[PDB]
Amino acid sequence: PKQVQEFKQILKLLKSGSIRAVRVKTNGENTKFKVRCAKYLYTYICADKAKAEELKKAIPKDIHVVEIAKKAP
Amino acid sequence: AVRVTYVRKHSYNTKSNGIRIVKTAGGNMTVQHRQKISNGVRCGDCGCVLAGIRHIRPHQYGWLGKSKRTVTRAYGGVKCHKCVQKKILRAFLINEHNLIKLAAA
Amino acid sequence: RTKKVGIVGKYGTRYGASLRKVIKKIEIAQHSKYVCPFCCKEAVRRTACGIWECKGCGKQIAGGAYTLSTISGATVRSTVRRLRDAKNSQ
Amino acid sequence: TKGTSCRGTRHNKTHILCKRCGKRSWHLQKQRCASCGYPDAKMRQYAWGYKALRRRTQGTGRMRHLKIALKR
Amino acid sequence: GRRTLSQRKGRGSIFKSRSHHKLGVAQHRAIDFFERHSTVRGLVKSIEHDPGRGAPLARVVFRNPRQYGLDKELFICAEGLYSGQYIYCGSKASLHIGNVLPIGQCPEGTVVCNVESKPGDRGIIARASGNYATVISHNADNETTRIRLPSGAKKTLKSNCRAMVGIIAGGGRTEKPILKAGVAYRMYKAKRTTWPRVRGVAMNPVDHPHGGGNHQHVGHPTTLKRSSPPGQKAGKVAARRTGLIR
Amino acid sequence: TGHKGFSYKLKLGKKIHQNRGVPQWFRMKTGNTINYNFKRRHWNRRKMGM
RNA sequence: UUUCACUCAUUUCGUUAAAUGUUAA
RNA sequence: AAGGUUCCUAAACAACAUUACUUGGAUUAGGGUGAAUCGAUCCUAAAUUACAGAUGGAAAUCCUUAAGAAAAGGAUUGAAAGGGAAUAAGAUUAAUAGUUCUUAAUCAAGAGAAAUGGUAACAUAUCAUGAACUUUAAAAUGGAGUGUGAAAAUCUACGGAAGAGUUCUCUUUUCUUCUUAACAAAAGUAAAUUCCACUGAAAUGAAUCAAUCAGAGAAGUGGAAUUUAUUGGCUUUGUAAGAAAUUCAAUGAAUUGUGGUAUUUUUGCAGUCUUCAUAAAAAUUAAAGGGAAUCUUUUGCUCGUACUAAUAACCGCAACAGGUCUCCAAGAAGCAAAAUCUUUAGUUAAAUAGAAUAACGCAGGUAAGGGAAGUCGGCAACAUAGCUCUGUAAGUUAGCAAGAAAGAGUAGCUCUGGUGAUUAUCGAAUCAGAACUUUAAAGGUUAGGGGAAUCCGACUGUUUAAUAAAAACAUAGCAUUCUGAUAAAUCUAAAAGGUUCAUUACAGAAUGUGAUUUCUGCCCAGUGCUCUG
RNA sequence: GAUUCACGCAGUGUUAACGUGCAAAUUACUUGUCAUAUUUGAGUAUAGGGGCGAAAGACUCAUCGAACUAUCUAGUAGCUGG
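Residues numbered from 1 in each chain as written, not as in the entry; some residues may be left out. Chains lettered and ligands numbered in written order. Part of a larger assembly, values for the part shown. Heavy atoms only, no water.

- cryo-EM is the method the PDB entry lists for this structure, together with a resolution of 3 Å.

See below:
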């Protein structure tokens, strides 16, 4: 697994056509946007709610989105 | 304390059978296989360990980047900088002496 | 520390006074440092029987088994130098 | 300790199954079969071993083809 | 009787040489035109310890007088050689320690080592530690020179036999007294199986001709003819003399 | 042993297959004397020596 | 028959069978 | 390794496990072993075996690259402990799991006039061309001892959360849980070593537990590199809390800090010591010198994989007190991996029991007074036993004897002082001393009897498996003999055959004596050996 | 190739136990030893007038002052038994 640092790369990754799945996890302090690509599982630790919403709109509707919470699926 | 067992079927404390015991979720301890300690490179003349090149297994050098298996210099990776400096002076001073000694003295 | 058994006190009391005497002279000269013929430093120490290495000088010299230069091996170098000079001159 | 105690370390086979005769007579270190005389081209037979001849010879097996020819 | 220990030595089963960590064959390089009519220069890369022998070995590196590459040789060190030294082999080589010269060019009285008994056979005589041979005289009529072997014997060789000037390194090795049985055990690490030697008188009559009776003694003279068969040739052979020398 | 050659393992398997008794129906054949297999063996009784 | 001189069988060697011998330069 | 279905389950108990058995490693019938990443397969070591050639009456033997129109250079085999491309955590089965499942990775083979920076050491998500040929390095190198970095375990400091135990006597109490992988990232921050630049050291300095180093250049300041169980060593981060552990409720909820100038283990590093010991090779990989030429995706085959590994699965006729190679390793106490007791795990059965409590036994003990008077002989048993301090002879190879011999102290409780770190706070077991008390103190366990002489062997070592462990053998030291290598010794029927010999007289081969000190007397007739006669 | 303890190992003594044994050589205590001439696994080499032996005629599959196995062989017996 790899970790992306700032906001610019994740959108470029999201807009890239190499995506396969997206899973969003909400923790007691932050929100993680794990993007499942072909090779790696990129993740992004987000602590700003407004910036998280911007990310959620950036997700193409065709891809499958999994929401994870205190109870695992 | 938690006691462990060999995971592979080797049962002797050989050089290639080294292990490390690390902790794991639930308090259990698991067994890893650690790599052998390797030597680096040596100057072709003075036999000193070269700087700038890691001490890894021979095959792992191919995995490294092209710039990470050598030093950007003449005879880089096979001769130390001191080894190289003596080479240049020998090649220049002896040749210059040959022009004065012989070759229209 | 010791009256007279200096280096051969590690042999204790079990090899004969005469044998411990002979081995003392050889072991003292085998473990001492010698003047290095190329850099004039007391930095030559034996590595193996017949091989001597200059520590702070980076040279390997072939020599005697326990001494850097043997008496027989020193006169020979003198003899060859005289022979070479006579041959080179007429 | 030449009796009971010395037999503790007997865990290294000397002979394994041969390929030409099927018996456990292939010497590993000698690289030969003690019974049928392997790689030696001829089958190992001795006139002092008259019984060993009648244990493995012509007619002691299937005779898959020879039985047809002689009857022919 | 049995077969004695000297008989079992000639079969070479456990008496084979323990030569696994040895460096190799130590000898001059093969003769060629450039050694017959010129000089080839070699570089003493390093001095190494060869197991089983008391003299150090030099890893000389000549270049390649006829092709491209290196000619890694393996000489026997002469006393005084050092790493990085240049040595010259050939008929025109200077008379310096470590140089290889034909035995005819050496002035009478020169001390040489690693001499070839026959031209081009790459060294026979004077190869142990501290040993050397002296040139006695020349004979230009039949191209022969006389040398004095380290045993004192005089030998006549052809004047073009090669030899190295100097003294084999590591002299004075045997003057240090072994003190312990264990030390002698380690001496034969890279040699043959000979060390713990049982006296013939301590054996039995089947084992040895000396194997005695109710008193440990020989019984018959220990000086024997050279023609005795293997098996009874035990002791002094063809002894011209016995007893302490005066 | 845990480690074995392929051919050796198959010869082990046959010895397992041959360590069986007479089926009941074969015992009811007319003029049948083969009631028990006298070539049988067990691991702790006789070592098959292979 | 002895003593010689040679090599040509023969012996013992060495190499990548890598300038041997004689002229020539 | 060896065994070979003994593994799991069900039915069943005729036989077997010296009684019995509803039990079983026993009977009957089913089920069970999943790999691109672990091994074999690949490479070579000691060694082994072919065609042709040589030898032999023959069978067959030799040779292993030398003899060959064979093989740029030398053929086959030889390691489940040597070398080696690449996988981990959780869950799952009556039984398989680095092999299955979920998640997350890695590796190999494929498919879609040619660069900058730094003074320098050197540095740059593939970048930034690099053929023949040649070289260098890695794979790939003994052992001892000291110091030290890091991780884990144990112990402990502060702060807690949940559960459990004790509770008429107290105990803010005692115990349990508080975790995290492969592979990668680079907030923060280490120890050690080696180099680079400036400068030039004497009034010589720098440094370690020890060393060791310097005008072929120290110390100082500023840098570069490598190592530290994967990336880059440790904390931290992604994986990742969604798992797992501890609780609670009836599937759903809670928590998952920070440290230590403590001990052990593991793993590296640094120098020091030691050898008449110098402590493997190849497959395979990279770099250099030279200048010839102009991210996505597919596939990863064959074989092993069950179980025991032993006071019941192996070898001894067997469920035999014998034997058989390894990995992991808690607390007390102590110098100690010792004896003794306990926690996690395992087991209470391992060739039958009950009653009575005779003789004679086997094993463990004690004993008045005397103390070897017993006996071939102090055989057996008794006795000494730790640590500290004082003290220690003759003899001697001057190293030892020596723990010589001999004497005193030692418990519990309440205190006092010495030995540091950091800059008032914090921390370590160690030593010394003083009052008081008692049953006067190493002793539960562990734990030398000592002295005066004589003989033999110098010593450490080895030895008649199964009646001899020794004064016997070995040993170092001393001495003698032969041999210049086409030799000496010596195996073979023979041999471009073989061993010492990858050797060369400081060597090879054959013998006697047995450290050191002192000394080895006379005899060459006899028998050997020899002569340059 | 110093002195000792421990894991181990050996076999000095009791000439203890057992001696139709746990065992065709073991058990208990005592004793010694317990890393460099050390201990040990696998592979490999050496074969019967041969090997191997720090030497006891020791070891060479419970067999060694000449192994095991088969043929000559129903070897011969002035000797014993029937």
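1. Regarding the overall build of chain F
Part 1 of the argument: Looking only at helices and strands, one finds two helices and zero strands in chain F.
Part 2 of the argument: In terms of C-alpha radius of gyration, chain F reaches 15 Å, well past the compact-globule figure of 10 Å for 50 residues.
Part 3 of the argument: Only carbon and sulfur atoms are counted for the fraction: they give 58% of the accessible area of chain F, which is about 4,900 Å². (Helix = DSSP H or I, 4+ residues; strand = E, 2+ residues; numbered from the N terminus. Rg over C-alpha atoms; globule rule 2.2 N^0.38 Å. Areas by Shrake-Rupley, 256 points an atom, 1.4 Å probe, with all protein chains shown as cover.)

2. Quick notes on the packing of helix α1 (residues 7–15) of chain A against helix α2 (residues 49–58) of chain A
Residue and element names in this part refer to chain A.
Part 1 of the argument: Contact geometry of α1 with α2 gives a least axis separation of 10 Å together with a crossing angle of 15°. Overall, the two elements α1 and α2 adopt an arrangement that is roughly parallel. The hand of the α1/α2 crossing is right-handed. Residue-level contacts link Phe7, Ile10, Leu11 and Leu14 of α1 to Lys51, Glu54, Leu55 and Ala58 of α2.
Part 2 of the argument: Residues that form the contact of α1 with α2 fall into these classes: six nonpolar, no polar and two charged. (Axes fitted to C-alpha atoms, helices over the stretch in contact; angles between N-to-C directions. Parallel < 35°, antiparallel > 145°, perpendicular 65-115°, else oblique. Left-handed = near helix turned anticlockwise from the far one by under 90°. Contact = heavy atoms within 4.5 Å. Nonpolar A, V, L, I, M, F, W, Y, C, P; charged D, E, K, R; others polar.)

3. Observations regarding the environment of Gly50(C)
Part 1 of the argument: Examined against the element boundaries, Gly50(C) turns out to sit in the loop between β2 (42–48) and β3 (51–54).
Part 2 of the argument: Along the chain, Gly50(C) and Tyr66(C) lie 16 residues apart, while their C-alpha atoms are 7.2 Å from each other.
Part 3 of the argument: Apart from residues no more than four positions distant in its own chain, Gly50(C) is found in contact with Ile61(C), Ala62(C), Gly63(C), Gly64(C), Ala65(C), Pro56(E) and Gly170(E).

4. Things to note about empty space enclosed by the protein
Residue and element names in this part refer to chain A.
Part 1 of the argument: For the structure on display, the rule yields one cavity of 30 Å³ or more.
Part 2 of the argument: The computed volume of the largest cavity comes to approximately 40 Å³.
Part 3 of the argument: In terms of lining, the largest cavity is formed by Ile10, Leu14, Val22, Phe33, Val35, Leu55 and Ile59.
Part 4 of the argument: Of all elements in the fold, only α1 and β3 (31–37) reach the threshold of two or more residues within the lining of the largest cavity.
Part 5 of the argument: Of the residues in the lining of the largest cavity, the class split is seven nonpolar, no polar and no charged. (1 Å grid on protein atoms, 1.4 Å probe; cavity = no way out; pocket = protein on both sides within 12 Å on 5 of 7 lines; lining within 4 Å. Points joined across faces, edges and corners; volume = space filled by probe spheres on them.)

5. Topic: a positive patch on the surface
All names here are of chain E.
Part 1 of the argument: A cluster of like positive charges, contributed by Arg3, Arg8, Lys9, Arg11, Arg197 and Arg199, occupies part of the molecular surface.
Part 2 of the argument: By secondary structure assignment, the location of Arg3 is in the segment before α1 (5–9).
Part 3 of the argument: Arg3 sits in the exposed class, given a relative accessible area of 60%. (Patch = residues over 30% accessible without salt bridge, like charges linked within 9 Å, V, L, I, M, F, W, Y side chains within 5 Å. Salt bridge = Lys/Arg side-chain N within 4 Å of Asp/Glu carboxyl O. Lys, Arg positive; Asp, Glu negative; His and termini not counted. Charge placed at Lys NZ, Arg CZ, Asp CG, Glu CD. Buried < 20%, exposed > 50% of the residue type's maximum accessible area, 1.4 Å probe, protein only.)

6. With respect to the pattern of salt bridges
When their charged atoms lie close together, side chains carrying opposite charge are able to pair.
Part 1 of the argument: Using the criterion set out here, one finds 12 salt bridges over all chains in the structure.
Part 2 of the argument: Here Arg32(D) makes a salt bridge to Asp40(D), at a shortest N to O gap of 2.4 Å.
Part 3 of the argument: For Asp40(D), a relative accessible area of 39% corresponds to the partly exposed category.
Part 4 of the argument: Note that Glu35(E) and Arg162(E) form a salt bridge whose closest N and O atoms lie 2.7 Å from each other. Taken as a pair, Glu35(E) in helix α2 (residues 33–36) and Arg162(E) in strand β11 (residues 162–165) lie far apart in primary sequence, 127 residues in all.
Part 5 of the argument: For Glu35(E), a relative accessible area of 3% translates into the label buried.
Part 6 of the argument: Through salt bridges with shared partners, a single ionic network connects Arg29(E), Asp32(E), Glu35(E), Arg66(E), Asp71(E), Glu116(E) and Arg162(E).

7. Some thoughts on the layout of surface pockets
Part 1 of the argument: The computed volume of the largest pocket comes to approximately 1,400 Å³.
Part 2 of the argument: Taken together, 28 residues line the largest pocket, and the ones lying closest to its centre are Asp45(B), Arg90(B), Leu43(E), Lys45(E) and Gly84(E).
Part 3 of the argument: Elements with a minimum of two residues in the lining of the largest pocket: α2 (81–101) of chain B, β4 (59–62) of chain C together with β1 (39–49) and β2 (56–62) of chain E.
Part 4 of the argument: Counting residues per element, the lining of the largest pocket draws most heavily on α2(B), which supplies six residues.
Part 5 of the argument: Class assignment of the residues belonging to the lining of the largest pocket gives a composition of 11 nonpolar, seven polar and 10 charged.
Part 6 of the argument: As a volume, the second largest pocket reaches approximately 950 Å³.
Part 7 of the argument: If you go around the second largest pocket, you meet 27 residues; those closest to its centre are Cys49(C), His49(E), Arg173(E), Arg186(E) and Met187(E).
Part 8 of the argument: Sorting elements by how many residues they give to the lining of the second largest pocket places helix α3 (residues 181–187) of chain E first, with three residues.

8. A word on the pairing of β4(C)
Part 1 of the argument: Pairing of β3(C) with β4(C) involves four bridges; the strand directions are antiparallel. When the bridges of β4(C) are listed, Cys54(C) appears paired with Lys59(C). (Pairing = 2+ DSSP bridges.)

9. Comments concerning the interface of chain C and chain E
Part 1 of the argument: In this complex, chain C contributes 33 residues to the contact, which on the side of chain E involves 34 residues.
Part 2 of the argument: Broken down residue by residue, the surface that chain C buries against chain E is led by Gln60(C), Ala62(C) and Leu83(C), which jointly contribute 19%.
Part 3 of the argument: In this structure, the connection of chain C to chain E is made through zero salt bridges.
Part 4 of the argument: At the boundary of chain C and chain E, one finds 12 residue pairs in polar contact. (Buried area = accessible area lost by both parts, 1.4 Å probe. Polar contact = N/O pair within 3.5 Å; in protein donor to acceptor, adjacent residues only side chain to side chain.)

10. So, unusual backbone geometry
Part 1 of the argument: Positive phi, normally seen in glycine, also occurs at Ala104(B), with a value near 60°.
Part 2 of the argument: Residue placement: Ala104(B) occurs in the segment after α2.
Part 3 of the argument: The class of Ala104(B) is exposed, set by a relative accessible area of 77%.
Part 4 of the argument: With a phi close to 65°, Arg122(E) is a non-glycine residue in the positive phi region.
Part 5 of the argument: Mapped onto the elements of the fold, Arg122(E) is located in the loop between β7 (111–113) and β8 (133–139).
Part 6 of the argument: You can call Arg122(E) partly exposed: its relative accessible area is 24%.

11. Concerning the state of the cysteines
Part 1 of the argument: Tallied over the full model, the rule gives five disulfides over all chains.
Part 2 of the argument: Each sulfur in the disulfide pair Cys36(C) and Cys54(C) lies 2.0 Å from the other. Of this pair, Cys36(C) sits in the loop between β1 (34–35) and β2 while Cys54(C) sits in strand β3; the two residues are 18 residues apart in sequence, bridging distant segments of the chain.
Part 3 of the argument: When its relative accessible area of 0% is taken as the criterion, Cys54(C) is described as buried.
Part 4 of the argument: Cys21(D) shares a disulfide with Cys36(D); S-S distance 2.0 Å. On the S-S bond that ties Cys21(D) to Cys36(D), the torsion sits near -50°, and the link is left-handed. With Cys21(D) in the loop between β1 (15–16) and β2 (26–27) and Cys36(D) in the loop between β3 (32–33) and α1 (50–55), the pair connects residues that are 15 residues apart, well separated along the chain. There is no split in this pair, since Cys21(D) and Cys36(D) are both buried.
Part 5 of the argument: In this structure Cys46(A) is not part of a disulfide, and its nearest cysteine sulfur, from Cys37(A), lies 18 Å away.
Part 6 of the argument: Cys46(A) sits in the buried class, given a relative accessible area of 3%.
Part 7 of the argument: Between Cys18(D), a free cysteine, and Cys21(D), which holds the nearest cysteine sulfur, the sulfur-to-sulfur gap is 3.4 Å. (Disulfide = S-S within 2.5 Å.)

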